[PDB]
Amino acid sequence: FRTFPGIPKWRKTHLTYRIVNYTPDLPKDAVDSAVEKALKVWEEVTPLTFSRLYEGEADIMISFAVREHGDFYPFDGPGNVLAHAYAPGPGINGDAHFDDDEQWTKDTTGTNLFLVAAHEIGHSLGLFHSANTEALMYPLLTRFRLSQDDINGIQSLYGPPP
Ligand SMILES: [Ca+2]
Ligand SMILES: [Ca+2]
Ligand SMILES: [Ca+2]
Ligand SMILES: [Zn+2]
Ligand SMILES: [Zn+2]
């Protein structure tokens, strides 16, 4: 596993998230479900806990965007970059943006929202890319399981569950 330079990590255990907008590709409940599941992946193996906001600034602001979207890193159309997320910290830090030029799906027929959200939330929590090909944090459904490498890395930052 890898962390970010200077090892930025959240200094508190309870983090908020907010789903700022919704893709046309999926029912809203499928977006909410995929996000909740993605957060749970990491909650299960650390002392981190999460709660959702519907107004104000949550630590992890989640949104869908296309091309230029209010930051220095425009998305690139279909394929290639699927989403991006910022390392822990204030403001834009922690936030996760999903390219709506992808076709987000609940299954594997398009780009699976849950898998990509789980990987991006890893970044939001302070893990950079792993060298292990089976890790969620490697740049790349019934068989999904967080790898030990991912657990080792997230626990290196936040410890194991109490
Ligand atoms: Ca933030
Ligand atoms: Ca793209
Ligand atoms: Ca789309
Ligand atoms: Zn962005
Ligand atoms: Zn990544």
Side-chain angles (χ1 to χ4, degrees), residues 1-10 15 17 19-23 25-26 30-46 48 50 58-89 91-160:
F1 64 83
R2 262 258 260 142
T3 56
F4 288 100
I7 316 91
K9 60 166 150 255
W10 295 103
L15 304 168
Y17 67 104
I19 295 167
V20 176
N21 63 24
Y22 283 85
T23 172
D25 302 354
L26 285 168
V31 171
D32 290 359
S33 297
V35 171
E36 289 162 359
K37 287 193 30 169
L39 292 171
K40 204 99 74 206
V41 166
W42 299 110
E43 182 180 353
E44 283 177 337
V45 299
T46 59
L48 278 0
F50 298 96
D59 299 308
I60 301 170
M61 301 282 276
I62 297 168
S63 56
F64 295 87
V66 165
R67 303 281 182 184
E68 286 283 353
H69 56 282
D71 72 14
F72 286 114
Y73 300 89
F75 283 132
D76 57 358
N80 298 311
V81 172
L82 309 171
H84 59 214
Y86 295 85
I92 200 172
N93 293 106
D95 296 359
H97 302 160
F98 295 75
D99 187 351
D100 224 334
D101 278 330
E102 316 317 329
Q103 185 73 38
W104 297 101
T105 56
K106 289 190 274 263
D107 55 26
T108 63
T109 55
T111 302
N112 189 77
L113 183 58
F114 160 69
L115 299 172
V116 174
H119 173 96
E120 300 301 336
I121 290 165
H123 294 317
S124 298
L125 293 178
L127 291 181
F128 181 55
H129 282 142
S130 180
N132 185 328
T133 73
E134 305 310 295
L136 174 59
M137 303 308 308
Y138 191 67
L140 198 165
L141 286 170
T142 73
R143 67 175 188 184
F144 180 75
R145 191 178 171 158
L146 199 58
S147 73
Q148 296 191 136
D149 181 73
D150 301 294
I151 298 164
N152 289 344
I154 200 65
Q155 290 187 351
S156 80
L157 301 170
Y158 304 108

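The first residue in the sequence is number 1, and the count goes up from there. Just so it is clear, the values below take in all heavy atoms, side chains as well, and ignore hydrogens, waters and symmetry mates.
Within 6.0 Å of OH in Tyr158 there are more than 12 heavy atoms belonging to other residues, nucleotides or ligands. Within a 6.0 Å radius of CG in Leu140, no more than 12 heavy atoms belonging to other residues, nucleotides or ligands are found.
For the pair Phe98/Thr111, no side-chain contact is recorded, criterion being any heavy-atom separation below 4.5 Å from C-beta on. You'll find the side chain of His119 reaches within 4.5 Å of the side chain of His129, heavy atoms only. Within the 4.5 Å cutoff, the side chain of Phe1 has no heavy atoms near those of the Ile151 side chain. At least one side-chain heavy atom of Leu125 sits less than 4.5 Å from a side-chain heavy atom of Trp10. Between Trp104 and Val116 there is a side-chain heavy-atom pair separated by less than 4.5 Å. When side chains are defined from C-beta on, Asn132 does not count as touching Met137, because their heavy atoms never get closer than 4.5 Å.
Taking CG of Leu157 as the reference point, atom OG1 of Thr3 lies at 6.0 Å (rounded to 0.5 Å). The CD atom of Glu134 sits 12.5 Å away from atom CG of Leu146, with the distance rounded to the nearest 0.5 Å. Expressed to the nearest 0.5 Å, how far CG of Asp25 lies from CG of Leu113 amounts to 9.0 Å. To the nearest 0.5 Å, atoms NE2 (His97) and CE (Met61) are separated by 8.5 Å. Within the model, atoms CD1 of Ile62 and OH of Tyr22 stand 9.0 Å from one another, a figure rounded to the nearest 0.5 Å. Here OG1 of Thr23 is found 3.5 Å from CG of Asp100. Values are rounded to the nearest 0.5 Å.
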* To do: Evaluate the side chain to side chain contact (heavy atoms under 4.5 Å, CB included) criterion for residues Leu141 and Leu115: first the C-alpha distance (whole Å), next the side-chain angles of each, then the deciding distance (0.1 Å), finally the verdict.
  => CA-CA 9 Å; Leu141 286 170; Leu115 299 172; 3.7 Å; yes

* Trace of the side chain to side chain contact (heavy atoms under 4.5 Å, CB included) decision for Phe75 with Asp101 -> CA-CA 8 Å; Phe75 283 132; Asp101 278 330; over 6 Å; no

* Asked: After noting the C-alpha distance and the side-chain angles of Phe4 and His123, does the key distance pass the side chain to side chain contact (heavy atoms under 4.5 Å, CB included) rule?
  -> CA-CA 9 Å; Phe4 288 100; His123 294 317; 4.0 Å; yes

* Where do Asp107 and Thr109 land on the side chain to side chain donor-acceptor pair (under 3.5 Å) test, with the steps shown first? -> CA-CA 6 Å; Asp107 55 26; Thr109 55; 2.5 Å; yes

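Taking each heavy atom of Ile121 and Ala38 in turn, the nearest pair found is CD1-CB, 3.7 Å. Among all heavy-atom pairs drawn from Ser124 and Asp95, the shortest one is OG-O, 4.2 Å. A pairwise comparison of heavy atoms in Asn93 and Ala87 identifies CB-O, 3.1 Å as the closest pair. Between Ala135 and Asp149, the closest heavy-atom pair is CB-OD2, 3.8 Å. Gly79 and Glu102 make their closest contact through N-OE1, 2.8 Å (heavy atoms, listed as atom of the first residue, atom of the second, distance). Scanning all heavy atoms of the two residues, the minimum distance from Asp71 to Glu68 falls at O-OE1, 3.5 Å.
At distances below 3.5 Å, at least one donor-acceptor pair connects side-chain atoms of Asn21 with backbone N or O atoms of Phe64. Without hydrogens or angle criteria, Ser33 side chain to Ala30 main chain gives no donor-acceptor distance under 3.5 Å. The backbone N or O of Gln148 sits less than 3.5 Å from a side-chain atom of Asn152, completing a donor-acceptor pair.
By the 30° and 60° cut-offs, the orientation of the rings of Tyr73 relative to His84 is perpendicular. Using the six-membered ring where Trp is involved, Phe114 and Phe144 have ring planes that are perpendicular, over 60° apart on the 30 and 60° scheme.
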